[PDB]
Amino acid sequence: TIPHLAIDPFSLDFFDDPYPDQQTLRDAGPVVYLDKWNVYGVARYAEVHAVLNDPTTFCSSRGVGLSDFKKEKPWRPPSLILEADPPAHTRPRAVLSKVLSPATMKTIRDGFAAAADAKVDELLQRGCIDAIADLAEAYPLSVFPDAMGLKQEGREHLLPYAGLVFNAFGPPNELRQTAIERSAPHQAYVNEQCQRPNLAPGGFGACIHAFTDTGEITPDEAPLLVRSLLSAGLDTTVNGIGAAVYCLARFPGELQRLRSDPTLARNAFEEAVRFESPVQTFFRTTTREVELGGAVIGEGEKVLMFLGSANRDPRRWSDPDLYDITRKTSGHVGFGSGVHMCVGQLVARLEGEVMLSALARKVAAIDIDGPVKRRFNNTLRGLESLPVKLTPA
């Protein structure tokens, strides 16, 4: 009753061009079985959204990667937020929601916007740059570690650690084994910075520790919550901003509409998140036998959600393959949906908005002018190198 497919959604050939395989996954049925990894898969919008919003059956406390924490040891202590279910999830989630709250955004907006404007002006003096190293990576590196309150020493470990985290959600393929092997130095750096004495007062990390006073989290929980921000908060935005720049480079008509109304910057970024879906996939584990899409899934089974596919499902989206900065993006699943929906979404949108605003006001054209190279990761979709020539407005 359930179709069995041999597609490996963690293979390099899949990463290189996922869209044909994603349609095959959608059109095979509402639920598929992936023989390569012995997991169920859902790739249509309706089922992905349903699974995300059914946490009591599709749980996260057994891991949101392929590995089932009931069967194997986690490669690092479980995240207290991503890898927890309610009620354990609730108070840690509330702490991060307050640390990264609307009110908090007021305190960082001016500096984040100023750093974006300065970066774009700097790049316009060079003309010819790598939109990944020089923009998608350089900008978040210039604002986020400081907003976290990290010291200067050791920051070279941040992107390597995040790449490890996202590779580790995948299956035990070469990408994952190479990332986990000899990762101790990255783990040691991050774990050290999560301790209270190493976090600058006023930054996100120190603010997490300050919540230990309220009874929402204990002091021994705070380092792990800081770890969540250092795991999710940098590499995601790197690939989100890179996706937006890649979209604007490929769709000059949309760059021109953004230039004509810079207030579209926030939605242009949201549409880039839908269109590229920097976080491609996450898993859940069934807590009971459950019927999904006419398929009877047993207890304790991994279910792979194709977020990028759901964001391109023509059952839900008009012209899903087109980048449209005025699209009504509400309901996309690029930040998840439901109890675990990205708690850092306001930071991500702030960075993306202010960068796209700076481009909208300062740049007239973005031309790819060198070999484009893709970056392979079991969970993240994005580019390794995007050589572009920026023409000033």
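If you superpose the two forms and keep the largest set of C-alpha atoms that fall within 1.5 Å, you have the rigid core. Throughout, we count residues from 1 along the sequence that is shown.
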- Message: Can you check whether 170 to 178 or 289 to 297 lies farther from the displayed model in 6 other deposited structures of this protein, averaging C-alpha distances as RMS after superposing on the core?
- Response: 289 to 297
- The stretch that moves more in 6 other deposited structures of this protein, judged by RMS C-alpha distance from this form after core superposition, 182 to 190 or 149 to 157, is 182 to 190
- Going by the B-factors listed in the PDB entry, is the mean over the C-alpha atoms higher for 344 to 352 or for 28 to 36? 28 to 36
- The stretch carrying the higher mean Cα B factor in the deposited entry, 37 to 45 or 363 to 371, is 363 to 371
- Query: Highest Cα B-factor in the PDB entry belongs to which of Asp261, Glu174, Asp313, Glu216?
  - Reply: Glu174
- Query: Per the coordinate record, which of the options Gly293, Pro87, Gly308, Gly233 holds the highest CA temperature factor?
  - Reply: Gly293
- Item | Entry-reported Cα temperature factor of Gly170, expressed as the chain third it lands in | lowest
- Tertile call for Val64 (CA temperature factor, within chain, third-based) is the lowest
- Using the B-factor values recorded in the entry, state whether the Cα atom of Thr178 falls in the lowest, middle or highest third among the modelled residues of its chain. highest
- Chain thirds of CA B-factor: placement of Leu380: lowest
- Note on the structure: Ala50: CA B-factor among chain residues, third -> highest
